[PDB]
């Protein structure tokens, strides 16, 4: 008899849940007592399973019908209704904070906020980007413009298995050092930016036969690391951070610089931060003061 590594399960808290994604993250009390996190996720369908079920006399309860539309509760065989079950036991506070639904706040960072508050904060963290430099200094590179000022490398995202094009995701990392984000972009960077957009699209076209009009090509602000990089995703893939509150289309960044050379130093950029992110309180305090 296969068992969970504890006795009983009482829900203390729903940490996170998504009706959309058919997933729930539970903080349970067990062995009453101890903390455990249990994540339950309904499984995706396998078309062969479904095809075979629909010719095998499925157990159906009719809920509603009109002349052509009918809805049922289907009570499937067990290979369609298994639930992916992830267990963290015992769960620490770190685990509980990890799985807790994010609590985000928007901040509208002015040019002066960035200069006076954000930049100092980032410099105080000065997190390593040595992994970036390791890639640039050199097997996964799909395309490279080796120009040390206007060049870049293009690499598949680690999570893209390349088993399909639906979730195509590549990243361009510039060779040039010290361009921390959008905030550092000036017309000096236009050749670089244009190179990434043009040559990155050319590369993807030649390698995967995906045209540029099927790609969403963007930067994040705030970026996950502070060395300029560009996301190239399938337009049909609702990729990470492709929301308006984080993503900035490269073509539009370029045109923004063309139209206003000082755009990225002067304009207000809007982004989200977790409520426990120290930068959020620094920015909020600064904004309250003026």
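Positions refer to the first chain, counted from 1.
- Coordinates are absent for 4 to 9 residues of the deposited sequence placed between residue 32 and residue 33.
- Going from residue 138 to residue 139, the model skips 4 to 9 deposited residues, which lack coordinates.
- Comparing the deposited coordinates for 222-230 and 246-254, the stretch with the larger average C-alpha B-factor is 222-230.
- Taking only CA atoms, the mean B-factor in the PDB entry is higher for 93-101 than for the other of 141-149 and 93-101.
- Take 73, 186, 124, 195 and read off each C-alpha B-factor from the entry; 124 has the highest.
- Per the deposited record, 164 carries the highest C-alpha B-factor of all listed residues (209, 130, 181, 164).
- For residue 57, the recorded CA B-factor ranks within the highest third of the chain. Only modelled residues enter the ranking.
- The entry lists a Cα temperature factor for residue 202 that places it in the lowest third of the chain's modelled residues.
- For residue 16, the recorded CA temperature factor ranks within the highest third of the chain's modelled residues.
- Sorting the modelled residues of the chain by their CA temperature factor places residue 25 in the middle third.
- In this PDB entry, residue 154 carries a Cα temperature factor that places it within the lowest third of its chain's modelled residues.
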